[PDB]
Amino acid sequence: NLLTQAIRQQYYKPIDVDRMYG
Amino acid sequence: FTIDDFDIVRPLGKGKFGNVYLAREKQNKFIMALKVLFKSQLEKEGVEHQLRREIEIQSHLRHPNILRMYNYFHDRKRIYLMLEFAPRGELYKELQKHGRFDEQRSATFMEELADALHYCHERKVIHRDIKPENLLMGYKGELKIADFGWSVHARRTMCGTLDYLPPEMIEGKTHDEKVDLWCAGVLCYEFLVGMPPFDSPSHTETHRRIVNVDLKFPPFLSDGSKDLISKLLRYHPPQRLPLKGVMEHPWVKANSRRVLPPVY
Ligand SMILES: CCNC(=O)C#Cc1ccc2c(c1)NC(=O)/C2=C(\Nc1ccc(CN(C)C)cc1)c1ccccc1
C-alpha cells in the first residue's frame, strides 16, 4: 500500500516533533 | 488542534480509557496514533487523576524505547492524545504467536528495556508494571514502553500484575525503584520461556514461589540467559543487578542486535 511506504519514509526521515507539536 | 486537523485512517483497537486510531495530521502529513477519551466516561469511572498522573509522566519522557506522547487537545466531549504510532503493534501478540522468543530477540528487547528504565530511574520515575502487554514494537521491531498506568514519580502501593510481583510487594514491605529490576528479570524469563517463572494453579502457590524465589529454569536456556535472570531475580532488592549491569551483561552484549531509530 501507499500507507506502508509513508510509514517506512517516516522512520528513515523523522521530523522535528518537538518543534511541530511540542 | 482539532480532530479536523487529522484524517482518521482506521481504528487500531481498544486502549486504556479509550479507542486508538491511526491518523494523519493533514498539515505535515505525519502518521500518528490518536487516542480518544470521553470526558464524562473518565469522570464516571473516576480515573481523571489516574489519567492526569500518566499524561504528566509520559509526556515528559523522550527516549527511543518509550512510546512518545507528542501533545494533546480537547473539545466539548473528548480529550485527544497525539501519540507515537508503533507499526508492529502489541509485543504480547508477537510472544503468543511465537510461543517464545529466541536469544537474539530477547537480548535486544532486554537492552532496549534496561536503557528506557535507566532513563526513567534517572528521573525518579518507577514503572512498577513491566510486562509484555505494556510493550509495543516500532517499525524495526524496537521495544516501546507504552503503558505507565502504575508508574509514579518517587512507597507502599501494592501494584502490578500477579506473576510479576516482587517479594517485597507480596510481603507488604516498602518498595523502591528496584521493583523494576525484579520485573525485568521476570520479563526476560517470559520472553525466553513463554511463561512467567512462578506460574502456578493458585494465587497462594504463586505467592509462595515468588517469596522463596522458586526459580526452575527449563533445560533449553543458555547459561548466559540464566545468569542474567538469576542476577535480576534476587529476593533482596539491593542485591539485584542494576540496569547498567543488564546493558553490560555479556549475554546481552553477545546477543542483542539493537538498532537506534534515526534522529531528526
Ligand atoms: C499517557 C497516556 N498514553 C496512552 O494512553 C497511550 C497509548 C497508546 C495505546 C496504543 C497504541 C499507541 C499508543 N500507539 C500505537 O501504535 C498503539 C497501538 N498500535 C497498533 C495496533 C494494531 C496494529 C496492527 N497490528 C496487526 C500490527 C499496529 C499498531 C495499539 C492500539 C490499540 C490497542 C493495541 C495496540
Side-chain angles (χ1 to χ4, degrees), chain A residues 1 3-8 10-11 14-15 17 21-22, chain B residues 1 3 6-25 30-39 41-43 45-74 78-98 101 105 109 112 116-117 119-120 123 125-153 159 261:
Chain A
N1 208 111
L3 193 66
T4 299
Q5 309 299 302
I7 291 156
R8 183 177 207 274
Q10 202 168 100
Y11 173 84
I15 204 140
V17 295
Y21 310 123
Chain B
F1 281 92
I3 14 95
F6 308 82
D7 281 301
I8 303 172
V9 177
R10 60 149 183 263
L12 286 166
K14 238 266 101 158
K16 233 210 148 189
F17 315 139
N19 293 143
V20 186
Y21 299 90
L22 183 64
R24 193 189 74 160
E25 133 80 303
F30 188 84
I31 299 140
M32 57 171 65
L34 210 84
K35 183 177 273 189
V36 183
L37 315 148
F38 286 95
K39 299 184 167 168
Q41 279 178 235
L42 298 163
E43 248 207 290
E45 287 192 310
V47 295
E48 306 184 283
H49 326 292
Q50 211 230 292
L51 175 76
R52 189 181 135 199
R53 175 172 255 177
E54 201 178 344
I55 293 164
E56 216 169 302
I57 292 162
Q58 166 148 311
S59 45
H60 296 275
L61 262 30
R62 288 169 183 200
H63 184 101
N65 301 290
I66 298 172
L67 199 74
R68 178 71 178 277
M69 182 187 277
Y70 304 120
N71 217 314
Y72 88 95
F73 59 97
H74 70 272
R78 295 154 170 107
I79 296 163
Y80 305 81
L81 311 178
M82 295 165 59
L83 299 147
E84 173 178 6
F85 170 55
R88 291 195 194 170
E90 297 184 271
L91 187 157
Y92 96 85
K93 288 183 164 192
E94 186 79 347
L95 182 53
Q96 186 182 291
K97 193 191 192 172
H98 291 266
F101 298 136
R105 199 110 190 251
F109 285 147
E112 289 175 323
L117 288 174
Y119 176 93
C120 292
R123 298 158 171 74
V125 171
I126 314 166
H127 189 278
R128 312 196 292 189
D129 193 32
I130 287 304
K131 65 178 174 183
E133 297 90 327
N134 287 341
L135 310 171
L136 294 178
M137 296 174 302
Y139 186 74
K140 284 267 142 179
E142 59 270 80
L143 183 143
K144 302 283 180 177
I145 305 181
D147 190 327
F148 281 83
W150 280 124
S151 309
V152 71
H153 162 67
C159 57

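Whatever order the structure lists ligands and atoms in, that order sets their numbers, starting from 1. Residue numbering restarts at 1 for every chain, and letters A, B, ... go by the order of the sequence lines. Note: hydrogens, waters and symmetry copies are ignored here, and every other heavy atom, side chains too, is used.
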Below 3.5 Å, N or O to N or O, backbone or side chain included: is there any such pair between [X] and ligand 1?
X: B:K14; result: no
X: B:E90; result: no
X: B:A86; result: yes

Mind listing the closest non-hydrogen atom pair of [X] and [Y] along with its distance?
X: B:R128; Y: B:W150; value: NE-O, 2.9 Å
X: B:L117; Y: B:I145; value: CD2-CD1, 4.2 Å
X: B:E112; Y: B:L143; value: OE1-N, 2.9 Å
X: A:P14; Y: A:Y11; value: CD-O, 3.7 Å

- Item | Min heavy-atom dist B:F85 to ligand 1 below 4.0 Å | yes
Distance filter under 4.0 Å to [X] heavy atoms, resulting ligand 1 atoms:
X: B:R88; result: 27 (C)
X: B:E54; result: 1 (C)
X: B:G13; result: 32 (C)

Nearest protein heavy atom to [atom], by residue and atom, and its distance?
atom: atom 15 (C) of ligand 1; value: B:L136 CD1, 3.6 Å
atom: atom 3 (N) of ligand 1; value: B:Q58 NE2, 3.5 Å
atom: atom 22 (C) of ligand 1; value: B:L12 O, 3.6 Å
atom: atom 14 (N) of ligand 1; value: B:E84 O, 3.0 Å
atom: atom 13 (C) of ligand 1; value: B:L67 CD2, 3.3 Å
atom: atom 7 (C) of ligand 1; value: B:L83 CD1, 3.5 Å
atom: atom 2 (C) of ligand 1; value: B:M69 CE, 3.6 Å
atom: atom 20 (C) of ligand 1; value: B:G89 CA, 3.9 Å

- Query: So, for atom 17 (C) of ligand 1, does the protein have a heavy atom nearer than 4.0 Å?
  - Reply: yes
- Under the 4.0 Å line, does any protein heavy atom show up next to atom 26 (C) of ligand 1? no
- Query: Mind checking whether B:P64 and B:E142 have side chains closer than 4.5 Å, heavy atoms only?
  - Reply: no
- What do the steps show when you test B:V152 against B:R53 for side-chain contact (heavy atoms from CB on, under 4.5 Å), and what is the final call? CA-CA 8 Å; B:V152 71; B:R53 175 172 255 177; 3.6 Å; yes
- Salt bridge B:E94-B:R88, side-chain N to carboxylate O under 4.0 Å: no
- Query: Does NZ or CZ of B:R105 come closer than 6.0 Å to the centre of the six-membered ring of B:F109, within 45° of the ring's axis?
  - Reply: no
- Parallel, tilted or perpendicular, as decided by the 30° and 60° cut-offs, for the rings of B:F101 and B:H98: tilted
- Message: Are B:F73 and B:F6 an aromatic pair, judged by ring center distance below 6.0 Å?
- Response: yes
- Message: Check for me whether the distance between the ring centres of B:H74 and B:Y80 falls short of 6.0 Å.
- Response: no
- Item | Within reach of ligand 1, part of B:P87 (heavy-atom separation under 4.0 Å) | backbone
